[PDB]
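To begin, one chain is listed below as structure tokens, in the form deposited in one PDB entry.
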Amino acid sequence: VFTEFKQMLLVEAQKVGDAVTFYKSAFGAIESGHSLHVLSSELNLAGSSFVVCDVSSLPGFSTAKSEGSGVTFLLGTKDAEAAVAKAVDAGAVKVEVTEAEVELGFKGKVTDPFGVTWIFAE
């Protein structure tokens, strides 16, 4: 029996605060709690949650940010273009989406400052 299942997003030493700021600004994530620079913070978003963790607290792990992580999330929204702009304003980088992507419902896409890829679907 497993009692909880939560994704852990690993970020650079000392950067959990900046990530929390970013996720609140970009997506309206809410901090349910944290542990103290911040060592880890659990964020609630659109009915689920994830935990941001300082990789310096977890020796032997890697954020994989420099070569590209595979950390990928989908968010459902009524306006992908609006969500992309809100995310970019907070520091994300817009990734142009092609017709092949649009046909499958992938209407916007960003990479955030922590190497996460976010797909926006309408």
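All residue numbers refer to positions in the sequence shown, first residue = 1. Only the largest set of C-alpha atoms that superpose within 1.5 Å between the two forms is called the rigid core. Shifts are known only where both forms have a C-alpha.
Coordinates are lacking for 10 or more deposited residues between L36 and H37.
Mean C-alpha B-factor is higher over 93-101 than over the other stretch, the pair under comparison being 70-78 and 93-101. Comparing 39-47 with 80-88, the higher mean C-alpha B-factor in the PDB entry belongs to 80-88. In this structure the maximum Cα B-factor among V116, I119, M8, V1 is found at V1.
Per the PDB record, residue ranking by Cα B-factor puts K15 in the lowest third of the chain.
Compared with the other modelled residues of the chain, the Cα B-factor recorded for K107 ranks in the highest third.
Absent from the display: the form deposited in another entry. The rest refers to it.
Core-based superposition between this form and the one not shown leaves all of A64, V93, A82, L74 but one with CA shifts under 2 Å; the exception is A64. Figure legend: C-alpha atoms of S62 and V71, shown here, are separated by at least 3 angstroms more in the other entry. Between this form and the other one, the CA-CA gap for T63 and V71 widens by 3 Å or more, being larger in the other entry. Core aligned; runs of 3 or more residues with all CA shifts at 2 Å or more between this form and the one not shown: 59-67, 98-100, in sequence order.
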